[PDB]
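To keep things clear, I will list the structure first and then write my remarks on it.
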Amino acid sequence: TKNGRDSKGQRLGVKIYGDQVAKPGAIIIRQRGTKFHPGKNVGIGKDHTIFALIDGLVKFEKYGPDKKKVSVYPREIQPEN
Amino acid sequence: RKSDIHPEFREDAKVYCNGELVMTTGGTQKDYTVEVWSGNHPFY
Amino acid sequence: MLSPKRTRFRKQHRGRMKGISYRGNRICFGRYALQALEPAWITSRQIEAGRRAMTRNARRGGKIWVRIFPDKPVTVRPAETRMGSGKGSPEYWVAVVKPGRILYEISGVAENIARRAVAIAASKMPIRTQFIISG
Amino acid sequence: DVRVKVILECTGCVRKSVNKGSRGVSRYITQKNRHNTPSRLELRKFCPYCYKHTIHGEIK
Amino acid sequence: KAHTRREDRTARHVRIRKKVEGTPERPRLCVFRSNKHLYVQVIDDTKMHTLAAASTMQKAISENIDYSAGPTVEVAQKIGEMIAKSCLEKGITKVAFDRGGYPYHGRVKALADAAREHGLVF
Amino acid sequence: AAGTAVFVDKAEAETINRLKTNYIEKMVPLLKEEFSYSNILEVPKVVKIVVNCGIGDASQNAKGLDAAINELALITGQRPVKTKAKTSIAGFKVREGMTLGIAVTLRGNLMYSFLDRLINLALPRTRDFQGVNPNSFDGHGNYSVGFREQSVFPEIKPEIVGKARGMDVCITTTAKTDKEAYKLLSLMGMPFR
RNA sequence: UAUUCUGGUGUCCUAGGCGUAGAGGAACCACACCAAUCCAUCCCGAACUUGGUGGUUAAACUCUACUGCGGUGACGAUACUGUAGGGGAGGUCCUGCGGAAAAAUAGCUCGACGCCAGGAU
RNA sequence: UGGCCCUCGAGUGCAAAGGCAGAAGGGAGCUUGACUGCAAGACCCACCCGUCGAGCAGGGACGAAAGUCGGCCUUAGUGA
Ligand SMILES: [Mg+2]
Ligand SMILES: [Mg+2]
Ligand SMILES: [Mg+2]
Ligand SMILES: [Mg+2]
Ligand SMILES: [Mg+2]
Ligand SMILES: [Mg+2]
Ligand SMILES: [Mg+2]
Ligand SMILES: [Mg+2]
Ligand SMILES: [Mg+2]
Ligand SMILES: [Mg+2]
Ligand SMILES: [Mg+2]
Ligand SMILES: [Mg+2]
Ligand SMILES: [Mg+2]
Ligand SMILES: [Mg+2]
Ligand SMILES: [Mg+2]
Ligand SMILES: [Mg+2]
Ligand SMILES: [Mg+2]
Ligand SMILES: [Mg+2]
Ligand SMILES: [Mg+2]
Ligand SMILES: [Mg+2]
Ligand SMILES: [Mg+2]
Ligand SMILES: [Mg+2]
Ligand SMILES: [Mg+2]
Ligand SMILES: [Mg+2]
Ligand SMILES: [Mg+2]
Ligand SMILES: [Mg+2]
Ligand SMILES: [Zn+2]
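This is how it looks when you write it as structure tokens:
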């Protein structure tokens, strides 16, 4: 009949990208369903928020064959130039 | 077979046909009185 | 008059017409054809009139395919209606054609009767067109 | 209406003001459907005072 | 949809294996039971390595106990003991039990109980 | 007028021997030879026989259900299962979980015994019998035959029966083709067409 | 130390899948058969369970092969576009410098790699 | 009720979207973590609100054990 109702954009989507740095607890992704699956060193939340357990670089992978998973690996920062 | 819930299956059932025939079958009764059966039937 | 039997939403985006139709390009049913040269919107009424004209002028000639169809709805607000309070009422239906698109196909006449017929058909169209022969 | 706020309460809690370290009467709160289940709800739940998982009944 | 016993049990093994994960400090104890043989393994999944493996196909239990057709509870107990000793001799105490798709019961259960009495922790 | 039930009446006989040992002694060499299979295990075996009663009106009155259950029991020596309807069905007045039919599965030895009591007892003691349809196979070598009423079996005592209640019987077999299943059934004494 | 084969067990991946044809029984894996005190079926020793037999590669799994299907997939060119302009009443067209598909065909594909036990050389 | 073929097209209290096949879908057994005390760090952000949470102690549930459990596949169901 008559329209005009809508909703504030929920702020979903990838918060940290590939090969960036993550603290522990830091949120990597806020998603509706699971568009990404938890990999290693990484916890999943009730709303399927994916968050880090470890300091380090976050990397996206092929869960296989189709889906995608995110995981965090520890890096080494020695090369101070 | 689970116990007490099944009707007792008596393994020995003697088939007594009125041609004084006696066979063995099995079923809950011990004997079966039969006037009409496979052998000695209208067809064949 | 051609038209879809059902849609969920009534009202629809004007859209935008760009480029060339690559797919409707070939002439795969008949022998002679009428090809769209320019990017336009064809009402079902126009297609009706074109087909009718070509059919009546061919007559003793056999076959006419219509390679298009008016599946996109179009909406209008009435006269003395102030702007606002909702999108208007769908009045008619258009087919979106882009240059290169084949409109009419025809078979069962000599090339002359076909040329004359297709010309009279093109007369009822909103667009510039072309006469083309099968390869 | 048919769905209700119900108060769960420790059965082994003595309101008299007890002599132990922490005195008080544990109550939880929760909702019940008073149509579906007319049974007065019983639930084992933790009591901060008794320190043990006690049994909490209901209140009228 | 696999109703072949084989594929079915495999399905179960994988399902179980979702939760139970071999780590350096908690190696996975993996039980395989076939018609004529009992085979057990110990795996650290990070390193992807088997630390210790005891089986009925080893001379120890062959010369100890013989059986006619199916492996007995006795057989199993013997194996649990062998792996308990073998693992306690490499410095492996704390482990997690992968029941490998077989219901925990019978010789599986007995295997577990044997390895518990002998100082392996799970 | 070809008689394979002169094999089933032939001499004073025993149960276990009849079914299970006519299978291993007689049936298997026969099938082995006439179809020429290149290993023994390719022989068609009787896997299971499920009997299914279809009565939806009995869901209205559960006493009818209990009665029919005990009847099927005394017939088959097995206390049945009461099958629930999965979906809400309007035209038949059924909602989910409602107990619709009654079903039993007979496996192993009881399958053979009940098969015997079928062919050699109740099938002749039926109403006007001709022969069972050769065309009731499903194409993969599993057979199905209906029983309009259960007065067929002697365990069912006809005067104590409240109402006539129907039964369905599905023989399931490792056979992949209907020829092999047919030879199996008829060799075992079944009355075809 | 090698190599080969069986069974277990994983990780990587282009996700190695179906089909047709072939191979495997000494060992190994499997079914087959038999009996039911631990346990087991809303009914059924079917499954799951304990204890025997000694049959068979039929099914299963396994190993080799093959483009029929399936899966994967370019180079080029075109569509589109970033920026600098130009034409058209407009719908929209065109140029220069930069990026660059989808589809389709040509090809590719009948996985890769590791540990353990057990034989064989 | 029996069986063969297609393999995710059903379902998930209720909209729609995104999820989810040996499952988040269907069943069974035992329950009350629909806990007390908290919390590194994050997201969202005018403010006010809102969301995620590793980890720690207490006292438990299930489980042989590893472990999981601070309501519910997620996002509405609210009021300083
Ligand atoms: Mg939104
Ligand atoms: Mg949680
Ligand atoms: Mg262009
Ligand atoms: Mg014109
Ligand atoms: Mg065995
Ligand atoms: Mg590839
Ligand atoms: Mg490849
Ligand atoms: Mg074979
Ligand atoms: Mg190909
Ligand atoms: Mg292809
Ligand atoms: Mg290119
Ligand atoms: Mg440009
Ligand atoms: Mg420009
Ligand atoms: Mg360019
Ligand atoms: Mg370039
Ligand atoms: Mg590309
Ligand atoms: Mg492509
Ligand atoms: Mg290979
Ligand atoms: Mg919905
Ligand atoms: Mg959906
Ligand atoms: Mg579930
Ligand atoms: Mg926690
Ligand atoms: Mg912890
Ligand atoms: Mg705790
Ligand atoms: Mg306990
Ligand atoms: Mg749930
Ligand atoms: Zn208290």
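Going down the list, the sequences are from chains A, B, C, D, E and F. Heads up, the first sequence is in UniProt numbering, so the first residue is 66 and it goes up one at a time. Heads up, the second sequence is in UniProt numbering, so the first residue is 37 and it goes up one at a time. Heads up, the third sequence is in UniProt numbering, so the first residue is 1 and it goes up one at a time. Heads up, the fourth sequence is in UniProt numbering, so the first residue is 6 and it goes up one at a time. Heads up, the fifth sequence is in UniProt numbering, so the first residue is 45 and it goes up one at a time. Heads up, the sixth sequence is in UniProt numbering, so the first residue is 39 and it goes up one at a time. Backbone N, C-alpha and C fix where the C-beta goes; we use that ideal spot for every residue, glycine too.
{"query": "CA-to-CA distance, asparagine 54(B) to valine 89(F), given in whole angstroms", "result": "30 angstroms"}
{"query": "Contacts of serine 74(B) in chain F (Cβ-Cβ under 9 angstroms)", "result": "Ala43, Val46, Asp47, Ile157, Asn158, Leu159, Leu161, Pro162, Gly227 and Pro229"}
{"query": "DSSP state of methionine 65(F) mapped onto helix, strand, coil", "result": "helix"}
{"query": "Chain-ordered chain F contacts of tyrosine 80(B) [CB-CB under 7 angstroms]", "result": "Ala39, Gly41 and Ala43"}
{"query": "Nearest neighbour of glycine 169(F), chosen from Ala141(F), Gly204(F) and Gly227(F) [CA to CA]", "result": "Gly227(F)"}
{"query": "Candidates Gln12(C), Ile132(C) and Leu34(C), of which the one nearest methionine 125(C) by Cα", "result": "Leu34(C)"}
{"query": "Chain F within 8 angstroms of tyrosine 52(B), Cβ atoms only", "result": "no"}
{"query": "For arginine 45(D) and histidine 58(D), believed in contact at Cβ under 8 angstroms, the rounded distance", "result": "Wrong, their Cβ atoms sit about 19 angstroms apart, outside the cutoff."}
{"query": "Stretch pair the stretch 104 to 120 of chain C + the stretch 21 to 30 of chain C: three plus CB contacts closer than 8 angstroms", "result": "yes"}
{"query": "Under 7 angstroms from the C-beta of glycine 62(B): neighbouring residues of chain F", "result": "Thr53 and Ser151"}
{"query": "Outcome for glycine 115(F) when other beta-carbon atoms lying within 10 angstroms are tallied against a minimum of 16", "result": "buried"}
{"query": "Cα-Cα separation, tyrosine 111(E) to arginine 37(B)", "result": "30 angstroms"}
{"query": "Run of the beta strand (DSSP E) containing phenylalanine 76(E), from where it starts to where it stops", "result": "72 to 77"}
{"query": "Pick from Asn112(C), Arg77(C) and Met17(C) that is closest to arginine 101(C), judged by C-alpha positions", "result": "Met17(C)"}
{"query": "Assigned secondary structure, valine 190(F) (DSSP; H/G/I helix, E/B strand, else coil)", "result": "coil"}
{"query": "Distance CB(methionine 149(F))-CB(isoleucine 194(F)) smaller than 8 angstroms", "result": "no"}
{"query": "When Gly62(D), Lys37(D) and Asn38(D) are compared against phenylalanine 51(D), the one with the closest alpha-carbon", "result": "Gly62(D)"}
{"query": "Separation of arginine 8(D) from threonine 35(D), as counted between CA atoms", "result": "11 angstroms"}
{"query": "heavy atom of ligand 2 below 7 angstroms from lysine 111(A) C-beta", "result": "yes"}
{"query": "Close beta carbons around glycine 62(B), own chain, < 8 angstroms, minus the five adjacent residues each side", "result": "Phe45, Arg46, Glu47, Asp48 and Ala49"}
{"query": "8 angstroms contact criterion, which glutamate 47(D) and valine 30(D) should meet: CB distance rounded", "result": "Rounded, the Cβ-Cβ distance is 17 angstroms, inconsistent with contact."}
{"query": "Spatial distance of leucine 161(F) from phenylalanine 167(F) (CA atoms)", "result": "8 angstroms"}
{"query": "Members of the stretch 165 to 177 of chain F that neighbour chain B once the beta carbon cut-off is set at 8 angstroms", "result": "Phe167, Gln168 and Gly169"}
{"query": "In chain order, each beta strand (DSSP E) run of at least 3 residues that lies wholly inside the stretch 28 to 86 of chain C", "result": "32 to 36, 40 to 43, 63 to 66 and 72 to 76"}
{"query": "CB contact below 8 angstroms: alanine 111(F) versus chain B", "result": "yes"}
{"query": "Whole beta strand (DSSP E) elements within the stretch 52 to 123 of chain E, 3-residue minimum", "result": "72 to 77, 82 to 88 and 93 to 99"}
{"query": "Sheet register partners of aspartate 48(B) (DSSP bridge)", "result": "Paired residues: none, contrary to the question."}
{"query": "Cα-Cα separation, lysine 120(F) to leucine 138(F)", "result": "7 angstroms"}
{"query": "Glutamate 218(F) to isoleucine 113(F) span [Cα, whole Å]", "result": "29 angstroms"}
{"query": "Spatial neighbours of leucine 68(F) in its chain, beta-carbon cut-off 7 angstroms, leaving aside the 5 residues before and after", "result": "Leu225"}
{"query": "Limits of the alpha helix (DSSP H) - the one that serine 224(F) falls within", "result": "216 to 225"}
{"query": "Whether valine 75(E) touches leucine 155(E) by CB criterion (8 angstroms)", "result": "yes"}
{"query": "Check whether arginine 116(C) and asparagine 57(C) have beta carbons under 8 angstroms apart", "result": "yes"}
{"query": "Three CB pairs or more closer than 8 angstroms across the stretch 98 to 110 of chain E and the stretch 142 to 154 of chain E", "result": "no"}
{"query": "Whole-angstrom distance between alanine 49(F) and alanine 128(F), CA atom to CA atom", "result": "55 angstroms"}
{"query": "Backbone CA spacing between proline 68(E) and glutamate 126(A) [nearest angstrom]", "result": "24 angstroms"}
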